[PDB]
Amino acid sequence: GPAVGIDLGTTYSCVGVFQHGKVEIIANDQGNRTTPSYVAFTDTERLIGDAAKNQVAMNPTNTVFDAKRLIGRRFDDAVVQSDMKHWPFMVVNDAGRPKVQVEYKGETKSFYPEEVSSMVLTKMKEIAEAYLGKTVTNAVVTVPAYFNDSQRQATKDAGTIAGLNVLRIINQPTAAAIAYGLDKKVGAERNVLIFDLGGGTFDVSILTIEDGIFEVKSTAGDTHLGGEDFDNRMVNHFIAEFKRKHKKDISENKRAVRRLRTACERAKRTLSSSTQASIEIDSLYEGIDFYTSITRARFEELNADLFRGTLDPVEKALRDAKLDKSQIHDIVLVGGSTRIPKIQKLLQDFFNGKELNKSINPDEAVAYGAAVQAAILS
């Protein structure tokens, strides 16, 4: 069976395979080309991917996500301490190692973060296998450039327990560059900036490629800035609107909020191609159907400060790598949030009209690159 490339993301994962000189990003059962990094446990089953995310609103304590934030980390870790204050599922301490605790089939169980990630990895494997019609064994999995030895180990382990022979763990920025062929030798040093604005993390990496050898000169970003924050701005906006028209605050009702957030995320996606989108939610609060809409203009202004602040980490990355705007040769967009028109305008204006590399869907770029690398490695 061919070796596959797997992008194990914080919010979404994606799998691609290199066949006949072309890379194919494989779609799941629901036809999506990316699958949520979600796992859910119920009375009767274990849900993974779309099925898991599609039921979070009613099973918050038993629906796990953000496992990538825990992987390879300790319970005492300040990061873990801060983060766990925001998850509806519980994190327990098992001899210094953090574990997620859920109720599966009425019984209480706990999993190490690598076990949860292995579940998502298993889903990608069977998605590839379904498509290929053959067993998938070898794989190249990607990881952020900033992951340390423990995090890389844990990611590798998540793979082995998923029945995957991890050929190699390569950095996400490097994978993105390989997708565009920016790794080909042109007899000269090339500086490339990877702008990765995903579902929950933002990362800016500056790579220097010489003779086909990558060198991460600098990196910057924010581990808590992503498409989720954009959705939230919309949510808070609609909560206020609902209160105006119906004099009813729905903030307390967790289900109404979660359903609204789902509708916002979807509208947001439409806003990247259309200038307006409608939100049609039946019986949002009590028996009130919430029918409304948003314009791209309004969306842009709701997140103006967030979008704009995106340039700060870019300036920082530049100065650390000791380069001027003019010195970077290529700029590649990675992450689902980069499909947002305002973000593309903003970055391009910053780089004085420089063209952006974005022919490959940004949320598929890393998987795409990993597949090519998997191919050569086999």
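All residue numbers refer to positions in the sequence shown, first residue = 1.
S.K.: Taking the mean of the C-alpha B-factors per stretch from the entry, tell me the winner out of 246-254 and 109-117.
M.R.: Taking the mean B-factor of the alpha carbons in each, 246-254 is higher.
S.K.: So which stretch wins on mean C-alpha B-factor, 121-129 or 190-198?
M.R.: For C-alpha atoms only, the mean B-factor is higher in 121-129.
S.K.: When the CA B-factors of 282, 222, 301, 228 are compared as recorded in the entry, which is the largest?
M.R.: The record points to 282.
S.K.: Between 158, 177, 141, 80, which one tops the list for Cα B-factor in this entry?
M.R.: Spelled out: the listed residue with the top C-alpha B-factor is 80.
S.K.: Can you tell me which third, lowest, middle or highest, the CA B-factor of residue 32 falls into for its chain?
M.R.: According to the entry, residue 32 has a C-alpha B-factor in the chain's middle third.
S.K.: If you rank every modelled residue in this chain by C-alpha B factor, which third holds residue 95: lowest, middle or highest?
M.R.: Ranked within chain, residue 95 CA B lands in the highest tercile.
S.K.: Would you check the entry's CA temperature factor for residue 181 and let me know if it's in the chain's lowest, middle or highest third?
M.R.: Answer is lowest: the recorded C-alpha B-factor places it there.
S.K.: Comparing against every modelled residue in the chain, figure out the third that the C-alpha B-factor of residue 42 lands in (lowest, middle or highest).
M.R.: Middle third, going by the recorded CA B-factors of the chain.
S.K.: So where's residue 267 on the chain's Cα temperature factor ranking, which third?
M.R.: As the PDB entry reports it, the C-alpha B-factor of residue 267 lands in the lowest third of its chain.
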